[PDB]
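Before any questions on how it binds or moves, here is one chain, the form deposited without the ligand, in structure tokens.
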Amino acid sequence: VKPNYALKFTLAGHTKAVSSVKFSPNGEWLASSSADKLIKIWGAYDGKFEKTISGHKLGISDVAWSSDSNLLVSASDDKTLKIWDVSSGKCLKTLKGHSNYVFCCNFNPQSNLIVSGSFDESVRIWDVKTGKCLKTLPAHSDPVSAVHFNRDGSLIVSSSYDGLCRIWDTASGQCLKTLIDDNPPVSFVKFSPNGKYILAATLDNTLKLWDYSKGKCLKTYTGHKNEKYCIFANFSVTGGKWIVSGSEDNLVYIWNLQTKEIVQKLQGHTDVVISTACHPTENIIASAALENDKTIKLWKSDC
């Protein structure tokens, strides 16, 4: 099997590099964050621009949706996160406490919590309803590049330029294990949809599939270029089971999850593809690129 993602829309509007794109869990919207301090909302299927969301004082590195598609949270260089009502665009809460840039963020599935990771080297867990910081984990000894909840919300996985990837117990904040000294910085981490594997990016042009339960590397995916930026990767599960990632050579890379062989490379962007995302039900990929490009592209496949 190989997919056949073809370009369907290029979405222009951000005035600086874009940092993160994410589809709403109801499959209806695509959200994008940018160094231009803005979040934009686009129709997921036609690509149509819907609204601009503003309030941050500096650039935004990450954006994330609540499970009921009604809320966003953004991580910004102004040291705050913000929770947004998507229909009104209004800033519901500003989450203050990190002592440096906020780099990454995610709701848990329940969406009563937010996890954030910061250049201040900590991971924080926040209450969505009140905006209060509930816990601060001294998670790492360098900027924290990614934070993600597993599918039932009881585990958090974090990654850092310090070379570590750690799994945390949500309820207690305690570290449950480390998957490690140099450690080619760990630039991205997330759980597989089934909670058993963890996909990890290191800044040596490598992606790895880890069995979390045994702490062993099961697959290694190479070919792309990743030495400098924290690039988002994904599992694609709506059609063929793929691994999807951006790349510093301006291509989107799609691998066969099982055989690790490249099955497609997506051509079009004119700068580093910093972020990719996979639609929750349809074979749709959103990709987004840096300063020379500033666009989001949507790609569609029959499988």
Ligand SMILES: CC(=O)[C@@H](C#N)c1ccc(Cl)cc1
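Start at 1 and count along the sequence shown; that's the residue number.
The form deposited with the ligand bound exists for this protein as well; it is not shown, and the discussion that follows is about that form.
The partner is absent here, but in the entry with it bound a heavy atom of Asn194, alone among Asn194, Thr178, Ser88, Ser99, sits within 4.5 Å of the ligand.
The contact residue chosen from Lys241, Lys48, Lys57, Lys51 relative to the ligand in the entry with it bound is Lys241, the criterion being a non-hydrogen atom within 4.5 angstroms. Just one listed stretch, out of 186-194, 80-88, 167-175, 126-134, contacts the ligand in the entry with it bound at the 4.5 Å heavy atom level, and that stretch is 186-194. Interface membership of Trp29, defined by any non-hydrogen atom within 4.5 Å of the ligand in the entry with it bound, is ruled out. Using a 4.5 angstroms limit between non-hydrogen atoms, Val263 is distant from the ligand in the entry with it bound. Contact between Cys278 and the ligand in the entry with it bound is not found at the 4.5 Å heavy atom cutoff. Although the partner is absent here, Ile41 lies well away from the ligand in the entry with it bound, with no heavy atom inside 4.5 Å.
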